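Here you get one chain, nothing else, as structure tokens; it is the form deposited in one PDB entry.
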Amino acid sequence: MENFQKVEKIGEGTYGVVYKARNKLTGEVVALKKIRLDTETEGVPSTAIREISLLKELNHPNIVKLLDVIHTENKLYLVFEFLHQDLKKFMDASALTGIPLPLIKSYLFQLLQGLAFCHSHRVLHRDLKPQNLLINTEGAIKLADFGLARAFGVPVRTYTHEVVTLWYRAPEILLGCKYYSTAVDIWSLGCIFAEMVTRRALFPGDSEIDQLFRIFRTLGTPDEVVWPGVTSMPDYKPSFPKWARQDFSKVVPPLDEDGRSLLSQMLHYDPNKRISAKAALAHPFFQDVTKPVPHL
């Protein structure tokens, strides 16, 4: 720890305070996650346990790099490659102009490689969202914050009352299924894609039910035909309103035909039919992909 000089706090969240800092020896710039520690009445927190172990196994360009763990008696430091800011605060600054089409396609393409690399190492993220996606000035985006991430060598039991967020939460969890799948990560991607495009969040629920109904209002109301089983799921109701599926061109105007096509496969209702990250990468939409750099 003596080798690192704290330059400034660049945000925070789980664990606690996260500073930019430079190695006084090499000159590298890093983000120190500084996790507080309750040596009397808790221990190492579950999120730390998960992040460190899973990330220690995911070496990959589109997944934030854990570099070192520094594990003193009363303090636990994590050391990360620096990145310059998050998709989320980028979009606030680009909202009004819009993030350029070509950049958004680079971003989706990169997130889909890292997500794919995660799912092929039995790891879900379970908490994708613009504020957990890092961008650098060389146009790279990377998945970050693996705190709620879980390994699925066995199926991942779902939370009683989920902890994860509303806006990017899949319908199958909103109706209280027994398990997560790789598909919930995709549904989340499919919302960030929409958001980057349209400058506003696709489904801004104000509560589990509202989030459902906003979903339902826009992609129509799941029946058996589209999604066998829905009728018989713990939280599904005969009394649900019946809406009609909107044209996607109505929902994300600016996108072209092939982007609409793919957006729609990421938002398919049945998990078993929602597209996997692998496929996505194989999609027409990515044929003309470049690596534009953002105006931060």
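Numbering starts at 1 and follows the sequence shown. Between two forms, the rigid core is defined as the largest C-alpha subset superposing within 1.5 Å.
Compared against other deposited entries of this protein, residue 37 counts as often unmodelled, lacking coordinates in at least a third of those that resolve the residues around it. Mean CA B-factor, 162-170 versus 203-211: the higher value falls on 162-170. When the two stretches 68-76 and 104-112 are set side by side, the higher mean Cα temperature factor goes to 68-76. In this structure the maximum Cα B-factor among 229, 271, 27, 45 is found at 229. In this entry, the residue among 33, 60, 245, 50 with the greatest C-alpha B factor is 245. Among the modelled residues of its chain, residue 135 has a C-alpha B-factor that falls in the middle third according to the deposited record.
In the deposited entry, the Cα temperature factor of residue 96 sits in the top third of values across the chain's modelled residues. Among the modelled residues of its chain, residue 255 has a C-alpha B-factor that falls in the highest third according to the deposited record. In the PDB entry, a CA B factor belonging to the middle third of its chain's modelled residues is recorded for residue 266. Sort the chain's modelled residues by C-alpha temperature factor and residue 197 lands in the middle third, per the entry.
FYI, the form deposited in another entry isn't displayed, but the following is about it.
A movement of the C-alpha atom of residue 279 falling short of 2 angstroms is seen between this form and the one not shown when the two forms are aligned on their rigid core. Superposed on the core, the two forms differ at residue 82: its CA moves 2 Å or more between this form and the one not shown. With the core held fixed between this form and the one not shown, residue 146 has its Cα displaced by at least 2 Å.
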